[PDB]
Visitor: 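Below is one structure. I have some questions about it.
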Amino acid sequence: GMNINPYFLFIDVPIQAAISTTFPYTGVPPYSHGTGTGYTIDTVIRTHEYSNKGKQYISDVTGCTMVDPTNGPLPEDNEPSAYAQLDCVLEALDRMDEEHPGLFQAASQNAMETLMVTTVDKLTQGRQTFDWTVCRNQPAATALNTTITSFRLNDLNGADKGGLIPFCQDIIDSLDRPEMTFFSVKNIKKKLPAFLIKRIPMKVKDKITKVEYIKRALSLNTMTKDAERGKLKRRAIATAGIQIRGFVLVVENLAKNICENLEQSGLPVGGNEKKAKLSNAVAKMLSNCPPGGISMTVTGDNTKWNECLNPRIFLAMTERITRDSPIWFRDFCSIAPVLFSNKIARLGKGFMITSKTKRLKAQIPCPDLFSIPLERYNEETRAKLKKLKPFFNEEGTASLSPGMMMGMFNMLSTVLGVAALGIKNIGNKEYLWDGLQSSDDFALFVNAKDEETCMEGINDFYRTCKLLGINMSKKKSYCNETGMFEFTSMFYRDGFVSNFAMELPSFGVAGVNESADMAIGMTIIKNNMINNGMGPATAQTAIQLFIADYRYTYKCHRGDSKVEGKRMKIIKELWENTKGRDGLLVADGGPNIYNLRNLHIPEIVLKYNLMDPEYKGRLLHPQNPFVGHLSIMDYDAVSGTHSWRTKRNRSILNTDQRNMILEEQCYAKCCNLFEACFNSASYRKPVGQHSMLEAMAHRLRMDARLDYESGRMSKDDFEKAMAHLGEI
Amino acid sequence: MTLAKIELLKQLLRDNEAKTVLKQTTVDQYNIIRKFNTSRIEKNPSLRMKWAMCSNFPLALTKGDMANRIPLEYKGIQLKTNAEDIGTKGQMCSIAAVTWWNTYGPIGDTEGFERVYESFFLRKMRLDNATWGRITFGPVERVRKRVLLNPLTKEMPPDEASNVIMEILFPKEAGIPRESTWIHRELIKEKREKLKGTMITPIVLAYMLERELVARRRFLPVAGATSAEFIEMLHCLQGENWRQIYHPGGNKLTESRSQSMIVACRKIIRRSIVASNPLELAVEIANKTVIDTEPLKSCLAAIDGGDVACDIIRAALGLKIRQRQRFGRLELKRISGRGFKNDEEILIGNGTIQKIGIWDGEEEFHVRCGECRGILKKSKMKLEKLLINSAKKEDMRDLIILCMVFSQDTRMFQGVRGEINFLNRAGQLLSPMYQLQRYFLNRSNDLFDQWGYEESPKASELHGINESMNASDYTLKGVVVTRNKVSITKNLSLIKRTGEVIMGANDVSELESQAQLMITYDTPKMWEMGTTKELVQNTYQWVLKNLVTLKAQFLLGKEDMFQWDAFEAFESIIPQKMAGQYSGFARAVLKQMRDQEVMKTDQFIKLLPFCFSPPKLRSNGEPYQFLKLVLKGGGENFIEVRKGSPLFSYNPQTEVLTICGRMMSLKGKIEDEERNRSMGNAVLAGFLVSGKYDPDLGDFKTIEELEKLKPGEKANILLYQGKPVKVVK
Amino acid sequence: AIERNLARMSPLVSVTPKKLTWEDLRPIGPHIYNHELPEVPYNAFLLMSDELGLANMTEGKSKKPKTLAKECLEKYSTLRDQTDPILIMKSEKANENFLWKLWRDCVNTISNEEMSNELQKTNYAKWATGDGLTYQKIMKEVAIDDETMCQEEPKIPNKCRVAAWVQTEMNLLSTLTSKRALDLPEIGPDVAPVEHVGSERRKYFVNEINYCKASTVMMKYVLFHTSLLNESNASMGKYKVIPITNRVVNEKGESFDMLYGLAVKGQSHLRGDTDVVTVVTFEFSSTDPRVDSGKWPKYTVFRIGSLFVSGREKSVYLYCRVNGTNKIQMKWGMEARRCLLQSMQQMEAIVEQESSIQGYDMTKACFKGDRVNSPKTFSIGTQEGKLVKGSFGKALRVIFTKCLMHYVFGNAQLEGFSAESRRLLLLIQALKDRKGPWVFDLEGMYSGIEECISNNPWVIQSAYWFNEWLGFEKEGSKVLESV
RNA sequence: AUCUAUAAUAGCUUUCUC
RNA sequence: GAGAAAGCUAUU
RNA sequence: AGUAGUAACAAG
Ligand SMILES: *O[C@H]1[C@@H](O)[C@H](n2cnc3c(N)ncnc32)O[C@@H]1COP(=O)(O)OP(=O)(O)OP(=O)(O)OC[C@H]1O[C@@H](n2c[n+](C)c3c(=O)[nH]c(N)nc32)[C@H](O)[C@@H]1O
Ligand SMILES: [Mg+2]
Ligand SMILES: [Mg+2]
Ligand SMILES: [Mg+2]
């Protein structure tokens, strides 16, 4: 019998042209289950393993055990090395400054001016952030607000000025406070007959000491990363609190300003701009190859990028880069690597111990990890805990001075990698290297007289990176003749090929509402046509597939279909009633009229002329109750009845939140009244250092004066209004 | 509703928590407390939506009179929650409720939707009133450029647009009256008078206006049509292997037509100057050239402007030339003076060195900027004179700076202090002169300070003017205020009735640019006007299609198979300096292949197009030797004589020819004995393989060390990696 | 400073370059050839090539799932009325009696006149779904005092060898059938010529895909996952019978409804995205499990009757299996239609390339040929150790089946294997292009690849196929060492 | 010649330990 | 329990 | 049981 071998496609087609078949993205992405404490402890152990030949001491600020690999002994093998040499880093930075005059000064000036014009609310632009007040994770705005309230409680008022600099000054002054009073949350627990346990939260005033607060402010909360493709094993990511996020922004901006002006940096360019930049760089490397010579490309990734990069090296880099800046800006840029050099890792949820005979299970948290004899753990967990014990703090946290926990200095690390790329030669040998760096992934282009000198250059680059604490992965890197390589999952074979599978997960129904999902899906198809090699036939098939998935997701099959459903009865009634059936939306059982040419027109606009007047009036009703109408006098919402909102009432089981809801509703009412007074606040962020009450009072007083002088209000109600305003 | 708002504030200030929030939170901290949310937003919203659509009441209803019109039940389908959760809980409904509203709900006015989404209706109008041309299958070379996404009424920077929107919709809570916002004052007024009694929510109107006034520019792959009217249809415009002719609706600006006309004229000149009798070919191509939808001749006649190539095409078509140029905000018309552009390294005030093309010679231009006029005489890297007529002050200084940066003088170059970059973020070149023009519009104070002054002239109707925007005793150097048939020859040179040449074909710029509008060459040889990669691919495909007859003609004849139309198109992308040398080298290689009967089909195909230009040998008669043959544009555009190349590669294992990323099967039109046939017989001119590597001779000889070897001398030549071969002359 | 530091760094710190050769490329995962390991069992959620659909000619009305199952079982009344169990094979830790009682409960609940597909909480249903099997959670202090409570050693996916059923499934799913299962909705009318070209290509592409068994399997998975998600959300604390159904269309256009089996959903109180709901599946089949017992360790098979298609009858078996799903798997099963896109884009691009070389549309030429161009052929497999070439449509169906298998057998093992083997594939391509690839640690590459080969049938079969293809590439490059 | 400038929210992709 | 950065999209 | 895979769910 003839047996099918799919890999035989690669006999007829080069791999790059059919690379999409090597991305199994039509399958379910891996997910993590349960705790991430094992991966976090593994990360701590590995981070300390690459620095154990450094200098070990005890911090006199927090009492944690600190390891310093910088300026340590040079490595003697090919294992990951964290022993960066300060002089070599300085020399690479000096070469970078000599190749690009005035780059560091321009970047420092831009960063300083941006920091001057930066407001506190920038800190609200993050995802889940570690909140030190409750020692939990909370959204960035909530964490920032709790921090500001606590600082108000501790006689710190730098947030009232509105700028980032006074807030950071108040942060580092809070680090000096002998005590910290704040608002924490207590959960009242009830034995509910049904028995179950009912939790009701409430805010209370809590207090911590100086060292405890310092350890909390330096703590990173670790959790597990879900839905990551390409990895067999799961891994833990980390999040920082407000105290660190306040200072990471400026260093990130400085490094971004540097990276924008480097021809070897793959950041912060992305998408088509990144493709154009990489293509131009590759063409330049091809043109500049010496006549009669050879050129090699190394597709490389750096192993243990985050666990080997040391924040002390970043402190040195910031001091070298901001050489010609004022003292205050230099201190400000030095704060962030300093805080990272004393960072403390929260180990996670703990481990669960089970009794199979009795079918019992219990969660042992990180503070109680060593209250259990180590014989009651797995072999792997037992070994990890034994290795962890020296760095373990009796609060359930570990000391993690070495390393960068997870991707906080992508730009600055890219700068370090590009500095490694800028040496270009060692000892005046007969080769020259260049290339591209994006975070840790890199492409190295080495031009020489033959293959042996090219390999000499690659060896020298490997050793030079070793000097900087950068370890090229010999397993995941390879080298060949220039003209074909890989870089950040983009495959170059005489020009970047299209990788269609990478965008496959985006082709589903987005899940905003019926109106938004249609536009998003059509726009996705259009953009994939433009810049992913998606042909017209595949695009039309994608339209069909999107319509099928849309109808099954929103239960809006065609009006003439006999599909049963609660919505389908009314849809069939609308189909029978409606005379102009071609003007009905797909969400109301109408036909799909999208094709390639009209992929950029919204559905309602596209069907507006074919629409029945009665159906058009019902659909585009300015006062339909499915769209939130802004009010303190109702305004007209122009989007149809399909722009509804699934109000996310997150009812996490067995927990009745009655006091968090109270504070949130108080904030919501105050903000809604403020918007009512200041109608522009939702379009432009209001500015001012005065209270919201006084701003609203003056706005109301002016409005009353003006609408009394224009004859919009009588004498009596104006008297009442001025009396109420004076009563405030 | 001032009284209602004051009552609301009094009611709100009855709680110790609301009072504390209002008193302690500053107006800046409103942007914090409005995002306050104790709960995390649910991740994976597509899964959440698929889960919630299977629930009973996933949708939230706003309480009001319109919600009450929805019945609690309809034919045994519950549409919303019962009266238990009217208060303190929040009412919810099913999607069947939305369908019921669309079917039996109350009917309102669909006005306000038409004005808010007017941009989309204009997009639909452009799509519907559009004409589709034919579809072509063939290589398309797309470049990634930053392009405007959608056409715009008045493109404004986002800060100015934000201020204008703030003026239109929230004049009371606006702030300091920035001067730039007054520039659009009239427009502002119009919009306000159109929104006097609109009950639509202000924020939706604000984003409607922002969509109407703010440009969205993105990096996208394009090929020959970069105007926003074509960018909105980009997905249907072309792919990597096909093109679709599209004629959008609406009205097109004259700038787009002029730019497309210039690009088309330059391409026609580049194709023509390579052919025997370039005038005849240029006229033939121009007579069948369509810009968007109109013929090239009509656009040339109607538009007063262009460049050198436009004037050459105008003369060839029999029209009158208009020696008028553009410098963005400056229109210059030449009077007398011919010069050449040479690229040299020029220092700037910041200390940086930039490769700039500066024009040499003394020339004079009548210059106009808005309502300002003057004359300008310039020399090479030295401004001579600028006479100015009376005009408005800001236009006066704009024309002054435009002319003084047009002169390309050392004072202007060294008066640059700040941050100027001539490279795109994607490492693409920005024209230095235009960048300097843009910079000096907002920072001309440093330029005028660096320029200096002198005593004013004392003529009759002449007075000096200073940067003090007033009649001053002192004036800067060079500025003086004054109150009061061409026949084109065979080689596309413009000569007067006397004999002097005004402009030639060598004067056209070497730049390759994308036209704003789609250019169509209604000729069966349209592909000859494409880019370098497309031309190479089409030429090699033609060679493959006619391979049998070409091989027969070459093995029988000697010279007539070197002259073909496809090769004539191919020669237009070989830089003219090296064309003859390449032709000599390739002809010698092919002849030595034929003479010894060693015939390699891959090498014959690769080197055949280069054997078209007249040969250019050396003094001794031996042709030049090459390792790679460079083509116009881009560092990846070259043909390797021995190895593969980004444009031409050959796999003898599969007998597969990769040309510009496309695979062509050479199997069948080939003898397998050629797999056992030595490559070194067709790598050098007059050289044949002798044997293996000989340590006696030593190193592999380079080209310069090999051209000087006398006949009968052995040498080691490395064909490709790991293939050491010894060769003999 | 850098020169001085490199002058004193030990020479042992090296990149150790090695020039890659064909002789240095060894087969991946040798343990998959070790016969001391069990053959990898069948772990797919539903039957794919062993499925048996009971066909009932529908009247164009989407009546209801319960009514549809009732009509299909009424047509095959002999299978429905069989009440005694004839056990053919038994899963190791399974209860045959409880499974048969559950099957009878499903049949009776779907054959009655009531409108509810809910089952009662009987002892056999409770055993099958798994009731009260969660561990009781106690306080930390009690557990710390209790020395018996220990951290559980995690289970590791065991190592398995190549099983021929994966090759047979690949052969059968890419074969043409006579039924169409795709339900692609309507598209807007064509105006631009590019849209006409797209429609002309779609004709060929979806006509070739629509008649392969993989398409029917994909539709079965999609519709069943839709039904399962809907039932899990609507019926959290009820046991529901969910028929496994499909709607197919003959070449004559007549529509049929196919009943592939029944399913029972346990309690679905899925708070998290990884929370598991138990699904007990009873699938009809005509494959005797005794032919390849190593394929079916997870299945309890009864013989429930006989069917007639021709003069020779075929036995009808009931494969019963306790299985599980979560919300993530159900959601990604609802959107398995995208296996089409990755299949056809990859193929359409190929066609487009040919068009650029010819100057006209090459879809008909690629699929069927024309006067100018011969039909396009691809190496698709091996017959008796020799390369065999199939048509363009066969290759399209093979790629579609490969994407379908990526969905069906997708987990972390497949992802890791795909990444590492992709790196190896790029190295092999560089070897084929004569780019002279150099490696730094090839043993590390192979170890990374082989870390992911444990018990995923598709990963093990992909390793086997990769080894075969690599052998063919070496044999083909043995002639390239002469130029 | 798009070079400047660019509010917030949400999604998708990529990179960031095995 | 689900981070950082970049690009892109939608929305207000 | 099973899903699954370095740790969970198999209701709270
Ligand atoms: O888009 C490119 C080009 O097509 C467009 N362009 C050029 N000319 C016009 C006209 N006349 N109308 C509308 N659009 C036009 O602007 C871009 C210019 O690129 P390119 O043509 O490649 O520039 P080129 O290399 O040819 O000249 P450059 O020095 O950059 O300046 C372009 C513009 O400025 C004129 N110019 C400057 N100087 C100092 C000149 C001079 O001393 N003598 C003459 N004859 N011209 C001078 C160029 O000629 C062009 O007019
Ligand atoms: Mg890495
Ligand atoms: Mg890489
Ligand atoms: Mg990487």
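Quick note: numbers below take in every heavy atom, side chains included, and nothing from hydrogens, waters or symmetry partners. Below, chain A is the first sequence line, B the second, and so on; all start at residue 1. Both counts, for ligands and for their atoms, begin at 1 and track the order of listing.
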Visitor: State the atom name: nearest N, O or S atom of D440(A) to the Mg ion (ligand 2).
Guide: OD2

Visitor: Quick check, are the ring centers of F461(A) and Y431(A) under 6.0 angstrom apart?
Guide: no

Visitor: Using side chain to side chain contact (heavy atoms under 4.5 Å, CB included), reason through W438(C) and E451(A) one step at a time and then give a plain yes or no.
Guide: CA-CA 10 Å; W438(C) 286 71; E451(A) 282 194 337; 3.3 Å; yes

Visitor: I'd like to know if the Mg ion (ligand 2) has an N/O/S atom from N302(A) within less than 2.8 Å of it, counting both backbone and side-chain atoms.
Guide: yes

Visitor: Run through the protein N/O/S atoms less than 2.8 Å from the Mg ion (ligand 3) and write them out by chain and number.
Guide: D441(A) OD1, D441(A) OD2

Visitor: Taking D433(C) first and then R493(A), would you say they form a salt bridge - that is, a charged N and a carboxylate O separated by under 4.0 Å?
Guide: yes

Visitor: Angle between ring planes, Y7(A) versus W469(C), binned at 30° and 60°: parallel, tilted or perpendicular?
Guide: parallel

Visitor: Any salt bridge between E486(A) and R423(C), counting N to O under 4.0 Å?
Guide: no

Visitor: For this output row, return yes or no: ring centroids of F485(A) and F445(A) closer than 6.0 angstrom.
Guide: yes

Visitor: Using a strict 4.0 Å threshold on nitrogen-to-oxygen distance, state whether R144(B) and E273(A) make a salt bridge.
Guide: no

